[PDB]
Every structure is written in C-alpha cells, then in structure tokens.
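S.K.: Just passing along the structure, written as structure tokens.
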Ligand SMILES: C[N+](C)(C)CCCN1C(=O)[C@@H]2[C@H](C1=O)[C@H](c1cc(-c3ccc(Cl)s3)on1)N1CCC[C@@H]21
Ligand SMILES: [Ca+2]
Ligand code: NA
C-alpha cells in the first residue's frame with residue numbers, strides 16, 4: 001500500500017513503511033480507531049474554516 | 001490581493017493583520033497557535049512598532065469579534081537578508097493568548113516530507129490579505145483571498161530579475177491579472193487537503209503586482225518547519 005494512491009486513505013499525514021502505510025494527524029487531532037481519520041480534540045482545530053456557528 | 005474574491009465569513013480564520021502606529025494594516029501574518037503568529041522578517045522593518053489584529057474581515061467596521069494583541073517576543077530568522085529577502089520568516093510570540101472563535105483559528109503546520117510530496121504537488125494554494133487591489137492602488141478594506149497555481153522553479157528563475165533561492169517558491173500567473181501585492185506580504189499561503197488547510201508559504205515579494213511575465217514570490221515554509229517548531233519552543 002502506498003501514500004501515492006489516495007494518500008494511503010489517510011485524512012492527513014501518510015508515511016510508507018515496508019508493506020504498509022501509517023497515517024497521522026496535526027496537533028489538535030487524534031488519529032481515529034480505524035487508523036485513517038483525524039478527529040479534532042477541540043472546537044477550533046487547526047486548518048478548519050469556522051463554519052459551524054457555536 | 002489583485003483579483004480573487006472577498007473572504008467569506010469563517011473562511012480565512014488564520015489571517016492576522018500587523019497594524020502600525022495608528023491601527024493601520026501594513027502586513028499580514030498567519031495564526032499558528034494561541035500565542036504564535038507567523039510572518040515575514042521583512043515586515044519587521046516596515047514599522048518601528050506594531051500590534052497584531054485577529055478576527056478582522058472589514059477594517060472600517062467594528063464588527064465586535066476582532067481582537068488586538070501586543071507582541072512579547074520577535075523571533076526573526078538569523079539569516080534574513082534585506083537585499084534578496086532570503087530567509088524571509090519570523091515568528092511573533094504574543095503577550096496574551098488568542099481566544100479561538102468565529103474567524104479566529106490557527107492554520108496547521110504540516111509534516112515536512114508529506115508537505116513536499118502531497119501539498120507542494122497540488123495544482124494550487126490560497127493566498128489572502130488586506131493588501132492593494134492593483135499594483136498602484138490602495139489597500140482593500142475587506143479581507144480577500146485568491147487561488148494561486150504553484151509555478152515550477154525553472155520557470156520561476158527565468159522570469160525573475162532577482163535571485164530565487166531554495167527558501168523561496170513562485171505562485172500565481174504568467175499573464176492573468178491576479179496576484180498578491182503590497183500589504184499582503186507576511187500573510188498566509190495555505191494549501192487545502194481534504195478540507196484542512198496547511199501552511200505552505202509566507203507572502204514575500206514580487207516585481208510589481210500581477211505583472212505579465214512575473215510571479216508572486218513566497219517563503220518556502222517546508223524549509224523552515226523545524227525552525228518554526230524550535231521558535232515556538
Ligand atoms: C526583495 N527584492 C528582491 C529586493 C524585491 C523587492 C520588491 N519589492 C519592492 O520593490 C516593493 C515591494 C516589493 O516586494 C512591493 C510588494 C510587492 C508585493 C508582492 C507581489 C506579489 C507578492 Cl506574492 S508580494 O508585496 N510588496 N512592490 C510594490 C510597490 C513597491 C514594490
Ligand atoms: Ca472589522
Ligand atoms: Na504575472
């Protein structure tokens with residue numbers, strides 16, 4: 001599996017290992033249990049437009 | 001910003017504005033965290049003293065969500081060179097923390113290798129600011145954004161009267177009349193990846209604005225990701 005196809009299915013960072021991809025996330029996010037998605041830990045995570053009025 | 005469009009509500013929340021001795025914007029910045037702003041080192045020489053405004057979209061309207069923050073520490077790159085604008089990067093630590101809210105949120109710092117393989121290889125990034133709306137024009141009272149294509153380094157160098165170092169990259173258009181401009185410098189160049197925006201550049205310089213055969217020149221943030229992390233402690 002490769003980061004060059006669909007970013008290894010990672011929401012954010014993808015890195016290749018020998019025979020796999022590993023996903024990771026920016027500060028303020030936690031990698032989901034599925035190992036792919038990045039879940040914000042707060043209401044103003046980095047890099048997200050502020051579109052939901054709180 | 002020449003061309004482009006006004007930033008819609010909530011769409012440019014990482015934009016900061018450096019304001020000189022009179023509450024007037026002269027450069028942009030990017031919010032990195034509650035305490036840190038990213039800007040260009042050259043902006044530090046454009047005003048004796050300055051403060052940082054966040055949350056602003058219209059400089060002639062006190063909307064209510066804006067805040068001004070004083071600067072506690074200036075961290076300039078120790079290799080910044082005024083003649084070439086090489087190493088054109090600085091971080092500001094604020095005296096008081098930003099409260100994230102509508103129109104006020106940080107942009108993400110990417111991991112370097114992934115930024116190089118995945119962000120810098122995108123077709124476009126986005127640049128934003130309150131700068132001039134044409135080369136010899138006035139600053140915009142409204143925050144603008146603009147999608148700018150990445151421009152290959154070879155074409156970048158040939159086009160330029162000035163050296164393009166490996167701490168710089170080109171973005172924008174050959175002849176299409178859209179670019180950043182004076183007053184945008186220091187502000188964000190971000191690249192979208194699955195609805196998350198990552199810092200990829202700092203608006204640095206150009207020869208005029210939106211000139212035929214010239215591009216916008218940006219500080220290459222991937223070269224400085226380790227430097228930024230150290231500067232933020
Ligand atoms: C760094 N060096 C190699 C010496 C080139 C400096 C060019 N310089 C100048 O000579 C200044 C300033 C500006 O960059 C400004 C300017 C241009 C821009 C940008 C255009 C595209 C950008 Cl991306 S930033 O931001 N400020 N220009 C418009 C009015 C004056 C002139
Ligand atoms: Ca305002
Ligand atoms: Na051009």
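Each answer follows from the model by the rule given with it, or from the source it names; none is laboratory data. Neighbour counts are summed over all protein chains in view; Cβ atoms, including those assigned to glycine, are modelled from backbone coordinates with ideal geometry.
S.K.: Determine, yes or no, whether residue B:204 is within 15 Å of residue B:39 (Cβ to Cβ), in contact with a helix residue (DSSP H, G or I) (Cβ under 7 Å, 6 or more places away or on another chain) and not assigned by CATH to the domain that holds residue B:92.
M.R.: The answer is no for residue B:204.
S.K.: Among strands (runs of 3 or more DSSP E) lying entirely in segment B:1-86, which contain 2 or more residues that are more than 19 Å from residue B:108 (Cβ to Cβ), in contact (Cβ under 8 Å) with a residue 40 or more places away in the chain and touching a strand residue (DSSP E or B) at 6+ places or on another chain (Cβ under 6 Å)?
M.R.: On the way: elements: B:15-19, B:25-31, B:36-39, B:51-54, B:67-69, B:71-76.
The strands (runs of 3 or more DSSP E) meeting that bar are B:15-19, B:25-31.
S.K.: Working carefully through the options B:185, B:204, find the one that is more than 14 Å from chain A (Cβ to nearest Cβ), buried (at least 20 other Cβ atoms within 10 Å of the Cβ) and away from ligand 3 (no atom under 16 Å from the Cβ). Walk me through it before giving the result.
M.R.: Working: B:204 fails: away from ligand 3 (no atom under 16 Å from the Cβ).
One residue alone meets the criteria, B:185.
S.K.: Now, a different point. I'd like the full set of residues that are surrounded by fewer than 16 Cβ atoms within 10 Å (Cβ to Cβ) and within 16 Å of ligand 2 (Cβ to nearest atom), limited to segment B:66-98.
M.R.: Selection gives B:67, B:68.
For every residue, the table says whether it meets (1) away from every other protein chain (no Cβ under 14 Å); (2) away from ligand 2 (no atom under 16 Å from the Cβ); (3) under 23 Å from residue B:107 (Cα atoms).
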residue: B:130; (1), (2), (3): yes, no, yes
residue: B:134; (1), (2), (3): yes, yes, no
residue: B:145; (1), (2), (3): no, yes, yes
residue: B:148; (1), (2), (3): yes, yes, yes
residue: B:152; (1), (2), (3): yes, yes, no
residue: B:159; (1), (2), (3): yes, yes, no
residue: B:163; (1), (2), (3): yes, yes, no
residue: B:177; (1), (2), (3): yes, yes, no
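Conditions tested, residue by residue: (1) under 22 Å from residue B:188 (Cα atoms); (2) more than 15 Å from the chain's Cα centre (by Cα); (3) within 11 Å of chain B (Cβ to nearest Cβ).
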{"residue": "A:19", "(1), (2), (3)": "no, yes, no"}
{"residue": "A:31", "(1), (2), (3)": "no, no, no"}
{"residue": "A:45", "(1), (2), (3)": "yes, no, yes"}
{"residue": "A:48", "(1), (2), (3)": "yes, no, yes"}
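S.K.: Which of the residues that make up segment B:70-91 are more than 16 Å from ligand 1 (Cβ to nearest atom) and more than 23 Å from residue B:145 (Cα to Cα)?
M.R.: Matches in segment B:70-91: B:70, B:71, B:72, B:73, B:74, B:75, B:78.
S.K.: Take the residues in segment B:165-182 that are farther than 27 Å from residue B:141 by Cβ and under 17 Å from the mean Cα position of the chain (by Cα), then tell me which one is farthest from ligand 3 (Cβ to nearest atom).
M.R.: Ranking the qualifying residues of segment B:165-182, first place goes to B:167.
S.K.: Sticking with this one: Just a yes or no: is a residue in segment B:120-142 buried (at least 22 other Cβ atoms within 10 Å of the Cβ), under 24 Å from residue A:38 (Cβ atoms) and touching a helix residue (DSSP H, G or I) at 6+ places or on another chain (Cβ under 9 Å)?
M.R.: yes
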